[PDB]
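Visitor:
Residue numbers (the entry's author numbering): 2 to 277.
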């Protein structure tokens, strides 16, 4: 449905360009009556119902109507929608932590204890969703973001609800894409689904977040996939020596071919490794 059709300019004053994908750019921005620094996202549509550059309405209003439903901690929220001829601009809850994967970057990995702290953040963030029949599918380092790269202990967020889809029932359509290094087998092999899939991304992240070494990535695109499909991980010595067998067990049960036979949030949010 319609959102807002005017010139945000008379209401929002943009600024720095945070990030720009393939059909969008992220720019900070204040308001007129709040000074509440935000950042409108504009995603490039398609001139004609057959363009090759940008994205169609269905996906927009979709990512919108899927977002416009949320409200929870580690997951960005939605303020309003501002639409103009060229694009639909997402007035997202301003974030700036960027890639946790980066903040700690200079620091290779972390420390299991300090580690899980972050693990246990998304695990909680994804959860809310799961029980809401809305997997993400895109859960990848690159999306993970902190709310202040400065606060002593950071509170991450969740975004990029592109693949995200109501798994209520859904005419789980559109296929569309995923990244050659983290999509769950099912994706690699004729598009299944599942929030049980989100716990595959997550089983991944939790292994990288503590090792600085992708498990499947290969020299080439296709060649990698050849790695997910089969699920052929390996704890690298020089890369894991200082790792808790327990810690291991975790990720391990997360990199399993048959979905059902793979863990899930609930279970996962109680694994001995996450024993508060």
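C-beta atoms are modelled at their ideal positions from N, C-alpha and C, and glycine is treated no differently.
(1) Check this for me: beta carbons of residue 104 and residue 55, under 8 Å apart or not?
(2) Can you list, in chain order, the residues of its chain whose CB lies under 7 Å from that of residue 265, leaving out five sequence neighbours each side?
(3) Sort 237, 276, 233 and 240 by Cα distance to residue 255 and report the nearest one.
(4) For residue 181, which residues in the same chain have their Cβ closer than 7 Å to its Cβ, ignoring the five residues on either side in sequence?
(5) Name the residue from 61, 208 and 49 whose alpha carbon lies nearest to the alpha carbon of residue 250.
(6) Helix, strand or coil, according to DSSP, for residue 183 in the structure here?
(7) Determine whether the beta carbon atoms of residue 157 and residue 98 lie at a separation below 8 Å.
(8) Residue 145 and residue 164: beta carbons closer than 8 Å?
(9) Whether or not the region 64-75 and the region 16-36 are in contact is what I'm after, with contact meaning three or more pairs of Cβ atoms, one per stretch, closer than 8 Å; do they touch?
(10) Would you tell me roughly how many angstroms separate the C-alpha atoms of residue 243 and residue 188, rounded to the nearest one?
(11) In chain order, what are the residue ranges of uninterrupted alpha helix (DSSP H) at least 4 long that sit wholly in the region 177-228?
(12) So within the region 94-174, which uninterrupted beta strand (DSSP E) runs reach at least 3 residues, ignoring any that extend past its ends?
(13) Would you identify the three-state DSSP class for residue 77, choosing helix, strand or coil?
(14) For the alpha helix (DSSP H) containing residue 59, name the first residue and the last one.
(15) Just to confirm the assignment, what range does the beta strand (DSSP E) spanning residue 43 have?
(16) For the beta strand (DSSP E) that residue 25 lies in, which residues bound it at each end?
(17) Pick out whichever of 41, 65, 87 and 8 has its Cα sitting closest to the Cα of residue 18.
(18) Please list the terminal residues of the continuous beta strand (DSSP E) segment that includes residue 17.
(19) If distances are taken between C-alpha atoms only, which option among 119, 93 and 79 comes closest to residue 154?
(20) Measure the C-alpha to C-alpha separation of residue 275 and residue 80 and round it to an integer number of angstroms.
(21) Compute the Euclidean distance between the alpha carbons of residue 109 and residue 235, then round it to the nearest angstrom.
Guide: Reading off the structure:
(1) In this structure, residue 55 does not lie closer than 8 Å to residue 104 by Cβ.
(2) 197 and 200.
(3) Per the Cα distances, 233.
(4) Once the five neighbours on either side are set aside, the close Cβ partners of residue 181 are 222, 225 and 226.
(5) 208 is the residue among 61, 208 and 49 whose C-alpha sits nearest the C-alpha of residue 250.
(6) Assigned with DSSP and collapsed to three states, residue 183 falls in coil, not helix or strand.
(7) Against a cut-off of 8 Å, the Cβ pair of residue 98 and residue 157 comes out as a contact.
(8) A distance of 8 Å or more separates the beta carbons of residue 145 and residue 164.
(9) The region 16-36 is not in contact with the region 64-75.
(10) If I take the Cα positions, the gap works out to 32 Å.
(11) The region 177-228 is shown to contain whole alpha helix (DSSP H) runs of 4 or more residues at 186-189, 196-209 and 222-226, in chain order.
(12) Within the region 94-174, no run of beta strand (DSSP E) reaches 3 residues while sitting entirely inside it.
(13) Per DSSP, reduced to three states, the secondary structure at residue 77 is coil, with no helix or strand assignment.
(14) Unbroken alpha helix (DSSP H) run through residue 59: 58-68.
(15) Looking at the DSSP string, the run of the beta strand (DSSP E) that includes residue 43 is 39-45.
(16) Judged by DSSP secondary structure, residue 25 falls within the beta strand (DSSP E) whose first and last residues are 25-30.
(17) If we check each option's Cα against that of residue 18, 41 comes out closest.
(18) Looking at the DSSP string, the run of the beta strand (DSSP E) that includes residue 17 is 15-18.
(19) Measuring from the Cα of residue 154, the nearest candidate turns out to be 119.
(20) Distance from the CA atom of residue 275 to the CA atom of residue 80, rounded to whole angstroms, is 33 Å.
(21) Their backbone Cα atoms lie some 19 Å apart in a straight line.
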